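Notes follow the structure.
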Amino acid sequence: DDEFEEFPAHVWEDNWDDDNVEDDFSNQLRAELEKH
Amino acid sequence: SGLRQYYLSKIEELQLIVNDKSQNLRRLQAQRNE
Amino acid sequence: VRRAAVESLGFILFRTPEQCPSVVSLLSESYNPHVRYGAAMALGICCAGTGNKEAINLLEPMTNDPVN
Amino acid sequence: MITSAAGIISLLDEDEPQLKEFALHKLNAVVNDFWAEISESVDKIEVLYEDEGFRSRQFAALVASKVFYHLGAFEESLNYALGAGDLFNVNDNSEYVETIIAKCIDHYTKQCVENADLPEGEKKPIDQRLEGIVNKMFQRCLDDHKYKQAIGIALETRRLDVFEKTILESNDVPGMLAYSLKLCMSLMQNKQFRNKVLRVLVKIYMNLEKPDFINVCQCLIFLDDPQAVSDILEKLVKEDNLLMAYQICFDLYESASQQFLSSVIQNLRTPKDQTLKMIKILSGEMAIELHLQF
Amino acid sequence: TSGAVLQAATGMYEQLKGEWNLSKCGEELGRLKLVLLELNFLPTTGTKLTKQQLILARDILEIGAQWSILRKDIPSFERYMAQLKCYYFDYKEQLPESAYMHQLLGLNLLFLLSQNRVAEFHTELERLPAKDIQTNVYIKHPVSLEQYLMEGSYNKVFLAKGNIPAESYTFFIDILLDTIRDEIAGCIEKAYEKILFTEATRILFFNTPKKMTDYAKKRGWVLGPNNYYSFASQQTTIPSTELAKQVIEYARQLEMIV
Amino acid sequence: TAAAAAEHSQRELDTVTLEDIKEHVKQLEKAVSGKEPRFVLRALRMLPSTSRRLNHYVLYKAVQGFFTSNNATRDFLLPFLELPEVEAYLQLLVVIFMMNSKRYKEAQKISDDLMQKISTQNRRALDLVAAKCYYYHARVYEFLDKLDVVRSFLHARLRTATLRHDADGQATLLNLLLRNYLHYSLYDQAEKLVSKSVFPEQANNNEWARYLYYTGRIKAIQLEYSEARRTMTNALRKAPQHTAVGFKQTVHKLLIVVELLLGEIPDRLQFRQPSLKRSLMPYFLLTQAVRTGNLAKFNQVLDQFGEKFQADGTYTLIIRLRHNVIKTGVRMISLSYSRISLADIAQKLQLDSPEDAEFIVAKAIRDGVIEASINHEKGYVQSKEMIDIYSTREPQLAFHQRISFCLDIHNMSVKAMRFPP
Amino acid sequence: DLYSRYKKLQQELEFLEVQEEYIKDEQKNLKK
Amino acid sequence: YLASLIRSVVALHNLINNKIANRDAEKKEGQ
């Protein structure tokens, strides 16, 4: 088919939230219960 | 000369009209024949 | 009336004999035998004494029809 | 290049009739690229035209016609092109000029065709400058040794005068006459216009140095003028010409209707041996006898 | 002839420069415009003047724009910068750089803010060189003003009004403040349901509270000052005819032979 | 002689390519002789492959053995190589090979020869070849780095090709003219022209994609984010799949930017795409920074990748970014809440003051990105009372648009149904 | 030549138009 | 809407068949 030579040129399905950096849920829960 | 170009333009326009008209007409003929 | 209309169409168009077959060919393969007869007679009147080619070509299959 | 006309439109918007003309000059110079933004400012050009003008009533018309052309509203473009007047300069090779001339011809033909059938009094007036442009086109065609197709333009415009002028003043008068007769009998449909064109054709044939009496008689058959054909035959017999008269009568019988033949025979009735055998031929006795013998 | 007219051009341009570097300034500008018209504004691809007198024409146009801003004439203002922008952006190679250009461009940008042609504004921002947008102050300050305005920090832009790169940015602050009041209005119309009078006052910065009735005396959404002003409460039937037209259109488009 | 064997194989390939050129030419004769002013598109469909496979000796032998009908125009081809449509198509191949050789001066001379010839010949079945020639001439002047007279000349050609009711030529000329305006940053003039022109509704898919891309660029820089985004998504959909990597990359970049401006988040699948991962990685960093709402990360990524930002062109849009970064923050705050208070909004968005948060939410109302009310009497932003949207005319309108589209597809299909006899 | 061709082609166009509307009407009747 | 979608898909399939048949016929006639 026609081509646009005019314009110069994991194995999963990742998700946006995955890259977010946060503490491990175990540590989060430990903190929550310590302050609760 | 100028009117020669005038007529050439008119021929071209009506010739394209006639061509597409004939194509559509033959399609309609095939449909009616079916 | 349908047959007479087709014959009258031929009467209208005789002056340009090559032109009528383009019309009456589509009728020639009609389900109404009266319309077929009208197409035959219209072509005949239109191209009378002309020896046109497509007119004869159209007439032939009609010359082989089940109706009388 | 320039890359922007906003400054020029600003020059136009002023109220100085000495700056305005230069602004219009530059606009006409650059319209080949900047109609895009000149379009929404056209209304300024429209109002600037619709005034005393001061050479604006001549240049703003051309500018407005150019911009409306580049847009595509030919209906509005043509009016301002006409208002421009002599600035049109029909004789020049330009695509805008070509297309505006084409649209002018189309509009004139449409108006003539639609108004010809209307009453002799209630005819919508034509634009004088439109007529002038069309006449200039006629003259260009005649000057360019393009005598053919001038009759075609005249027939489309429904003007018999120019058709007669071009068919007369041209080479191969018999050829042009034959071509015009072919067009009139074959293609064009309007019966009244056909009658007028054939009247003109017979007039030309007669005024010719050696009239084509055969074509004249065929045209007379088409017009159904038994009195005229009878006068023609009487004149032909009065002068020492008999072969032409005999052939004319034979063709008259072979083509015209029985009522027409009877009418021409009565007109003839109203040496005398020539008249008698002409009447007999018109009745067709010799024709039928010859066919039977053949 | 030509050289003499160029010399006269320089002569009365220097006359105007000595004059101011009001009304008589206007007539002088008109005379300069006429003279430039016997001369040429734009070479327009086919004359190629390459004139230091064309640089001088750009200069006199700049002084004309300055006179227009002094007079507060928005029409002539716009006309002069239209021509000036043509001169600037078009013949960059042929002409030398004018240091007194970014100031005027920034002034045009601020005027565009004040008149609320943000789309145009962004067009000129794209046209401008990218580096100058940050490096310069004359150009950047309008950019920062638009940034604050389109962020919504109306108080912050009010504060920033004090910062002006040059006195040329005059009366554009005022008209831009009026525009800001208009946007705060917008907020009042189609948000802030059931707003209070004092809150409207201290959000929409009117003049003195006695003049607080402004924008209601004029824009006036039947404010109905029922103590609270009620915000005038400003903010179920089958469309059978329209939908029947649509359905009949479907039937028509099905039944047509094509 | 491995070189000799390779030369013989290359000459066999040359014979095959010459036979292919003969096939295309005879298709052109069939098209001109018969109705259906087409099959020139069939001949051109292999134009990219033929141009890629062209060779110096191939073209030299072609010019030597052809153009025998008449004219001595082969004198303009033989020294540099050392009919109504056939001459145009062979000559187009010649100029394409000259471009491949990169000799721009005689490339443009020969292209001007083409252009005069086509302007002289006012035919109707030559329009497609003329459009291809126009595209390649715009490209040769781009390579020459002039792109100055193209504006005016292609503008005149577009005027002629729209005065003649043509579609392919109109689309190609409009695309090239818009590309010139963009390359020279004449966005205002481009906007005026697109507003005052009409794109041929029935135009080649590639030209449609180009026109949508350019129009989306105009709208994005013109402050029409919704229109820019929808047009750009449509352009990406229309674009080819297994090619046009550069065009797809540019569309993806600008679409990602315009989405971020609208206040949404691009799909991670775009970035994950192998053909676009490396190219779009800077925009992946930008998307991460905006989603995090970290101004420091935004600034550092901007400083790091300013180079690509001139390479593509987004700065005005990239500051409008910061604007819509705070806009996206407020949009999500209103999306995942129904009755949040102004103090809570300020706390969650790190805004300095509740009054500032109030101004920001009002501007969110401007942009229509929260579609929520607010009450300052008690100081909380109520949301639109969500309605079960099935007892209303929204489903009717959606189904109406889709039904009309389906009917139009059926009509177009049953009209394109053709019979050659 | 030019005018004659123009008129012939105009006649062809109009005639094909009438033949098209005929085919439409007759197709309607055949469906019935 | 579902009905119209099915009808359009069928029409497109018919057009594809017609295109294939036309090209096959023209190729055979040429050769």
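Just so we're on the same page: first chain in the structure tokens is A, next is B, and so on; residues restart at 1 for each chain, and ligands are numbered from 1 in the order they show up.
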
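Residues lying within 9 Å of residue 188 (chain F), counting only C-alpha atoms and ignoring same-chain neighbours fewer than 6 positions away, are residues 120, 123 and 124 of chain E; 181, 218 and 222 of chain F.
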
Written file, previous selection with C-alpha atoms, as a JSON list (two decimals), in the first residue's frame:
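Result written to part.json:
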[["chain", "number", "residue", "atom", "x", "y", "z"],
["E", 120, "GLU", "CA", -4.84, 35.22, 17.96],
["E", 123, "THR", "CA", -0.87, 32.64, 16.97],
["E", 124, "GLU", "CA", 1.59, 35.48, 17.61],
["F", 181, "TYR", "CA", 2.09, 27.10, 5.84],
["F", 218, "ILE", "CA", -4.31, 24.21, 13.58],
["F", 222, "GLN", "CA", -5.93, 27.72, 17.97]]

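With the cut-off set to 9 Å and only C-alpha atoms counted, chain G residues close to chain D are residues 1, 2, 3, 4, 7, 8 and 11 of chain G.
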
- request: Restrict the distance test to only C-alpha atoms, flag each residue of chain F within 7 Å of chain E, and return the flagged residues as a PyMOL selection string.
  value: chain F and resi 185+187-188+221-223+316+323+356+359-360+362-363+373-377+411+414-415

Residues just named, written with N, CA, C and O atoms as a CSV table (one decimal), in the first residue's frame:
chain,number,residue,atom,x,y,z
F,185,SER,N,5.2,28.3,9.7
F,185,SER,CA,4.5,28.8,10.9
F,185,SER,C,3.5,29.8,10.6
F,185,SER,O,3.2,30.7,11.5
F,187,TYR,N,0.3,29.9,10.8
F,187,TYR,CA,-0.9,29.2,11.3
F,187,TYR,C,-2.1,30.0,11.0
F,187,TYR,O,-3.2,29.5,10.7
F,188,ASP,N,-2.0,31.3,11.1
F,188,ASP,CA,-3.2,32.2,10.9
F,188,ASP,C,-3.7,32.0,9.5
F,188,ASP,O,-4.9,31.7,9.2
F,221,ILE,N,-3.3,24.5,18.3
F,221,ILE,CA,-2.7,25.8,18.5
F,221,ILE,C,-3.7,26.9,18.5
F,221,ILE,O,-3.3,28.0,19.0
F,222,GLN,N,-4.9,26.7,18.0
F,222,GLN,CA,-5.9,27.7,18.0
F,222,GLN,C,-6.9,27.6,19.2
F,222,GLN,O,-7.9,28.3,19.2
F,223,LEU,N,-6.6,26.8,20.1
F,223,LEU,CA,-7.4,26.7,21.4
F,223,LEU,C,-8.7,26.0,21.1
F,223,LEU,O,-9.7,26.3,21.8
F,316,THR,N,4.3,26.3,23.2
F,316,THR,CA,3.1,26.9,23.6
F,316,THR,C,2.2,25.9,24.2
F,316,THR,O,1.6,26.1,25.3
F,323,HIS,N,-0.8,24.5,32.6
F,323,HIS,CA,-2.2,24.9,32.8
F,323,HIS,C,-3.1,23.7,33.0
F,323,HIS,O,-3.8,23.5,34.0
F,356,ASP,N,-8.1,30.3,46.0
F,356,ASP,CA,-7.5,29.9,44.8
F,356,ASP,C,-8.1,28.6,44.2
F,356,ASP,O,-8.3,28.5,43.0
F,359,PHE,N,-11.3,29.6,42.5
F,359,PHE,CA,-11.0,30.1,41.1
F,359,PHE,C,-10.7,28.9,40.2
F,359,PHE,O,-11.2,28.9,39.0
F,360,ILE,N,-9.9,28.0,40.6
F,360,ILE,CA,-9.5,26.9,39.7
F,360,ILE,C,-10.7,26.0,39.3
F,360,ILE,O,-10.8,25.6,38.2
F,362,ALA,N,-13.7,27.1,39.2
F,362,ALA,CA,-14.5,27.9,38.3
F,362,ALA,C,-14.0,27.8,36.9
F,362,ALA,O,-14.7,27.7,35.9
F,363,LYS,N,-12.6,27.8,36.7
F,363,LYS,CA,-12.1,27.7,35.4
F,363,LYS,C,-12.3,26.2,34.9
F,363,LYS,O,-12.4,26.0,33.7
F,373,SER,N,-21.6,21.6,40.0
F,373,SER,CA,-22.0,22.8,40.6
F,373,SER,C,-21.1,23.2,41.7
F,373,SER,O,-20.1,22.5,42.0
F,374,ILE,N,-21.5,24.2,42.5
F,374,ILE,CA,-20.7,24.6,43.7
F,374,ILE,C,-21.6,25.5,44.5
F,374,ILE,O,-22.4,26.2,44.0
F,375,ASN,N,-21.3,25.6,45.8
F,375,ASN,CA,-22.1,26.4,46.7
F,375,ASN,C,-21.1,27.0,47.7
F,375,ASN,O,-20.5,26.3,48.5
F,376,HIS,N,-20.9,28.3,47.6
F,376,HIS,CA,-19.9,29.0,48.5
F,376,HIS,C,-20.6,29.4,49.8
F,376,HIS,O,-19.9,29.9,50.7
F,377,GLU,N,-21.9,29.3,50.0
F,377,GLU,CA,-22.6,29.6,51.2
F,377,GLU,C,-22.0,28.7,52.3
F,377,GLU,O,-21.7,29.2,53.5
F,411,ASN,N,-25.6,2.8,1.1
F,411,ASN,CA,-25.8,3.6,-0.1
F,411,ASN,C,-24.5,3.7,-0.9
F,411,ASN,O,-24.5,3.5,-2.1
F,414,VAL,N,-23.6,0.2,-2.5
F,414,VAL,CA,-24.5,-0.2,-3.6
F,414,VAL,C,-24.4,0.8,-4.7
F,414,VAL,O,-24.8,0.5,-5.9
F,415,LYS,N,-23.8,2.0,-4.5
F,415,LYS,CA,-23.5,2.9,-5.7
F,415,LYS,C,-22.2,2.5,-6.3
F,415,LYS,O,-22.0,2.6,-7.5

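For chain C, the residues having at least one atom no farther than 10 Å from chain G, when counting only C-alpha atoms, are residues 19, 22, 23, 26, 27, 30 and 31 of chain C.
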
For C-alpha atoms, I'd like the residues from the last selection saved as a tab-separated table (two decimals), in the first residue's frame.
chain	number	residue	atom	x	y	z
C	19	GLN	CA	-30.20	5.19	-29.98
C	22	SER	CA	-30.05	1.16	-25.71
C	23	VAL	CA	-33.57	1.66	-24.33
C	26	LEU	CA	-33.82	-3.65	-21.20
C	27	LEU	CA	-37.52	-4.10	-22.00
C	30	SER	CA	-39.16	-8.39	-19.73
C	31	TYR	CA	-41.45	-10.70	-17.79

inquiry  = Using only C-alpha atoms and a cut-off of 10 Å, which residues of chain B sit close to chain G? Please list them as a ChimeraX atom specification.
reply    = /B:4,7-8,10-12,14-15,17-19,21-22,24-26,28-29,31-33

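From CA of residue 37 (chain C) back to CA of residue 52 (chain C), the distance works out to 18.8 Å.
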
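CA of residue 203 (chain F) to CA of residue 169 (chain F) spans 9.2 Å [interatomic distance, one decimal].
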
message: I need the residues of chain A that end up classed as alpha helix (DSSP H) by DSSP on the backbone, written out as a PyMOL selection string.
response: chain A and resi 25-34

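Atom to atom, CA of residue 210 (chain D) and CA of residue 177 (chain D) stand 13.2 Å apart.
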
Against chain E, which residues of chain D fall within 10 Å? For each one I want the closest pair of atoms and the distance in Å (one decimal), counting only C-alpha atoms, rows by chain and increasing residue number, as a tab-separated table.
residue	atom	partner	partner_atom	distance
D:1	CA	E:45	CA	5.7
D:2	CA	E:90	CA	5.6
D:3	CA	E:90	CA	6.3
D:4	CA	E:86	CA	6.2
D:5	CA	E:86	CA	7.7
D:6	CA	E:82	CA	5.8
D:7	CA	E:83	CA	4.2
D:8	CA	E:83	CA	7.6
D:9	CA	E:79	CA	8.8
D:10	CA	E:79	CA	5.3
D:11	CA	E:79	CA	7.6
D:13	CA	E:79	CA	8.8
D:14	CA	E:79	CA	9.0
D:16	CA	E:34	CA	9.5
D:18	CA	E:34	CA	7.8
D:19	CA	E:37	CA	6.9
D:22	CA	E:37	CA	7.5
D:23	CA	E:37	CA	9.5
D:26	CA	E:44	CA	8.3
D:29	CA	E:44	CA	8.7
D:30	CA	E:44	CA	8.3

Residues as selected, C-alpha atoms, written as a PDB file, in the first residue's frame, can you do that?
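Saved the output as result-v3.pdb:
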ATOM      1  CA  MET D   1       7.461  36.862  -0.102  1.00  0.00           C
ATOM      2  CA  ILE D   2       4.943  38.886   1.921  1.00  0.00           C
ATOM      3  CA  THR D   3       3.393  36.167   4.110  1.00  0.00           C
ATOM      4  CA  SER D   4       0.604  38.468   5.323  1.00  0.00           C
ATOM      5  CA  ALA D   5      -1.864  40.955   3.819  1.00  0.00           C
ATOM      6  CA  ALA D   6      -3.281  42.234   7.124  1.00  0.00           C
ATOM      7  CA  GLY D   7      -1.312  45.440   6.634  1.00  0.00           C
ATOM      8  CA  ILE D   8      -2.821  45.920   3.182  1.00  0.00           C
ATOM      9  CA  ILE D   9      -6.374  45.327   4.414  1.00  0.00           C
ATOM     10  CA  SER D  10      -5.565  47.870   7.121  1.00  0.00           C
ATOM     11  CA  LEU D  11      -4.474  50.334   4.437  1.00  0.00           C
ATOM     12  CA  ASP D  13      -9.853  50.291   5.814  1.00  0.00           C
ATOM     13  CA  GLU D  14      -8.609  53.897   6.079  1.00  0.00           C
ATOM     14  CA  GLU D  16      -8.000  58.489   2.705  1.00  0.00           C
ATOM     15  CA  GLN D  18      -5.237  58.586  -1.853  1.00  0.00           C
ATOM     16  CA  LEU D  19      -4.136  55.619   0.273  1.00  0.00           C
ATOM     17  CA  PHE D  22      -2.706  52.109  -3.672  1.00  0.00           C
ATOM     18  CA  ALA D  23      -4.154  49.613  -1.197  1.00  0.00           C
ATOM     19  CA  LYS D  26      -1.509  46.021  -4.019  1.00  0.00           C
ATOM     20  CA  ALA D  29      -1.434  42.337  -7.105  1.00  0.00           C
ATOM     21  CA  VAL D  30      -1.452  39.769  -4.283  1.00  0.00           C
TER      22      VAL D  30
END

Can you work out which residues from chain D touch chain B at a cut-off of 12 Å (counting only C-alpha atoms) and hand them back as a PyMOL selection string? chain D and resi 90-95+97-106+134+136-150+152-154

Grab the residues selected above and save them as a short mmCIF file (atom, residue, chain, number, x, y, z; two decimals), in the first residue's frame with N, CA, C and O atoms.
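selection_36.cif, freshly written:
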data_model
loop_
_atom_site.label_atom_id
_atom_site.label_comp_id
_atom_site.auth_asym_id
_atom_site.auth_seq_id
_atom_site.Cartn_x
_atom_site.Cartn_y
_atom_site.Cartn_z
N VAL D 90 -10.61 41.75 -21.55
CA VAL D 90 -10.99 40.41 -22.01
C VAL D 90 -9.84 39.76 -22.78
O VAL D 90 -9.58 38.56 -22.63
N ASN D 91 -9.15 40.53 -23.61
CA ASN D 91 -8.08 40.00 -24.45
C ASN D 91 -6.81 39.88 -23.61
O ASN D 91 -5.96 40.77 -23.59
N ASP D 92 -6.68 38.75 -22.92
CA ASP D 92 -5.47 38.42 -22.18
C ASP D 92 -5.60 36.99 -21.68
O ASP D 92 -6.71 36.50 -21.43
N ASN D 93 -4.46 36.32 -21.53
CA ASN D 93 -4.42 34.92 -21.11
C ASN D 93 -4.32 34.88 -19.59
O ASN D 93 -3.24 35.03 -19.02
N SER D 94 -5.46 34.66 -18.94
CA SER D 94 -5.51 34.50 -17.49
C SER D 94 -6.64 33.55 -17.15
O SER D 94 -7.71 33.61 -17.76
N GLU D 95 -6.40 32.66 -16.19
CA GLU D 95 -7.40 31.67 -15.83
C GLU D 95 -8.65 32.32 -15.25
O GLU D 95 -9.78 31.92 -15.56
N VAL D 97 -9.74 35.33 -15.92
CA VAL D 97 -10.44 35.95 -17.05
C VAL D 97 -11.21 34.90 -17.83
O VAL D 97 -12.38 35.10 -18.18
N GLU D 98 -10.57 33.77 -18.11
CA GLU D 98 -11.22 32.70 -18.87
C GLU D 98 -12.50 32.25 -18.17
O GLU D 98 -13.56 32.17 -18.79
N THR D 99 -12.41 31.96 -16.87
CA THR D 99 -13.56 31.43 -16.17
C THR D 99 -14.67 32.47 -16.04
O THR D 99 -15.85 32.13 -16.14
N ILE D 100 -14.31 33.73 -15.80
CA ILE D 100 -15.35 34.75 -15.68
C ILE D 100 -16.04 34.96 -17.02
O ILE D 100 -17.25 35.17 -17.08
N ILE D 101 -15.28 34.89 -18.12
CA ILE D 101 -15.89 34.98 -19.44
C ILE D 101 -16.83 33.81 -19.66
O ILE D 101 -17.93 33.97 -20.21
N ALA D 102 -16.42 32.61 -19.25
CA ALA D 102 -17.28 31.44 -19.40
C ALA D 102 -18.58 31.62 -18.63
O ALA D 102 -19.67 31.34 -19.15
N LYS D 103 -18.49 32.10 -17.39
CA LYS D 103 -19.69 32.30 -16.58
C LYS D 103 -20.57 33.40 -17.17
O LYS D 103 -21.80 33.30 -17.14
N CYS D 104 -19.95 34.46 -17.70
CA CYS D 104 -20.71 35.51 -18.37
C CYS D 104 -21.49 34.95 -19.55
O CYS D 104 -22.69 35.23 -19.72
N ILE D 105 -20.83 34.13 -20.37
CA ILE D 105 -21.50 33.53 -21.52
C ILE D 105 -22.64 32.64 -21.06
O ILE D 105 -23.74 32.66 -21.64
N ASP D 106 -22.40 31.83 -20.02
CA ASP D 106 -23.44 30.93 -19.54
C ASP D 106 -24.65 31.72 -19.04
O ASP D 106 -25.80 31.38 -19.37
N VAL D 134 -19.95 39.96 -24.26
CA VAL D 134 -20.29 38.88 -25.19
C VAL D 134 -19.99 39.30 -26.62
O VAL D 134 -19.50 38.50 -27.43
N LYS D 136 -17.71 41.44 -27.57
CA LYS D 136 -16.26 41.41 -27.73
C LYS D 136 -15.78 39.98 -27.96
O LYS D 136 -14.87 39.75 -28.76
N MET D 137 -16.38 39.02 -27.27
CA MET D 137 -16.04 37.62 -27.51
C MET D 137 -16.39 37.21 -28.94
O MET D 137 -15.61 36.52 -29.61
N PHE D 138 -17.56 37.63 -29.42
CA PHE D 138 -17.92 37.38 -30.81
C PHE D 138 -16.87 37.93 -31.76
O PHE D 138 -16.43 37.25 -32.70
N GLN D 139 -16.47 39.18 -31.54
CA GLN D 139 -15.50 39.82 -32.42
C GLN D 139 -14.16 39.10 -32.37
O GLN D 139 -13.49 38.95 -33.40
N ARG D 140 -13.75 38.65 -31.19
CA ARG D 140 -12.50 37.89 -31.09
C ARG D 140 -12.59 36.60 -31.88
O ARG D 140 -11.65 36.23 -32.60
N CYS D 141 -13.72 35.89 -31.77
CA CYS D 141 -13.88 34.66 -32.54
C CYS D 141 -13.79 34.94 -34.04
O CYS D 141 -13.11 34.21 -34.77
N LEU D 142 -14.46 35.99 -34.50
CA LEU D 142 -14.42 36.31 -35.93
C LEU D 142 -13.01 36.70 -36.36
O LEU D 142 -12.56 36.31 -37.44
N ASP D 143 -12.31 37.47 -35.53
CA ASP D 143 -10.97 37.94 -35.90
C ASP D 143 -9.97 36.79 -35.94
O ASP D 143 -9.06 36.79 -36.78
N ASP D 144 -10.12 35.81 -35.06
CA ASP D 144 -9.17 34.70 -34.98
C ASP D 144 -9.37 33.66 -36.08
O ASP D 144 -8.85 32.55 -35.95
N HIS D 145 -10.11 33.99 -37.14
CA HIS D 145 -10.40 33.03 -38.20
C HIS D 145 -11.01 31.76 -37.63
O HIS D 145 -10.68 30.64 -38.03
N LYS D 146 -11.91 31.94 -36.67
CA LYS D 146 -12.66 30.86 -36.04
C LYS D 146 -14.13 30.98 -36.40
O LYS D 146 -15.01 30.87 -35.54
N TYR D 147 -14.41 31.23 -37.68
CA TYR D 147 -15.78 31.49 -38.12
C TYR D 147 -16.70 30.34 -37.72
O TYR D 147 -17.84 30.57 -37.31
N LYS D 148 -16.22 29.11 -37.84
CA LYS D 148 -16.96 27.98 -37.29
C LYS D 148 -17.06 28.12 -35.77
O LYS D 148 -16.21 28.73 -35.13
N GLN D 149 -18.15 27.59 -35.22
CA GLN D 149 -18.45 27.63 -33.79
C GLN D 149 -18.91 29.02 -33.35
O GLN D 149 -19.52 29.17 -32.29
N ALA D 150 -18.73 30.03 -34.20
CA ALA D 150 -19.39 31.30 -33.94
C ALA D 150 -20.89 31.16 -34.13
O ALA D 150 -21.69 31.70 -33.34
N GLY D 152 -22.39 28.40 -33.59
CA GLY D 152 -22.81 27.64 -32.42
C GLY D 152 -23.07 28.54 -31.22
O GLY D 152 -24.09 28.41 -30.54
N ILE D 153 -22.15 29.46 -30.96
CA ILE D 153 -22.34 30.40 -29.86
C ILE D 153 -23.60 31.23 -30.09
O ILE D 153 -24.39 31.46 -29.17
N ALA D 154 -23.79 31.71 -31.32
CA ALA D 154 -24.96 32.52 -31.62
C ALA D 154 -26.24 31.73 -31.42
O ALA D 154 -27.23 32.25 -30.88
#

| said: Using only C-alpha atoms and a distance of at most 10 Å, pull out the residues of chain F that contact chain A, as a ChimeraX atom specification. | reply: /F:44-49,135-136,139,205-206,210,239-250,265-269,272,275,279,287-288,291-292

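Residues from chain D that have an atom within 7 Å of chain F, counting only C-alpha atoms, are residues 32, 33, 36, 37 and 70 of chain D.
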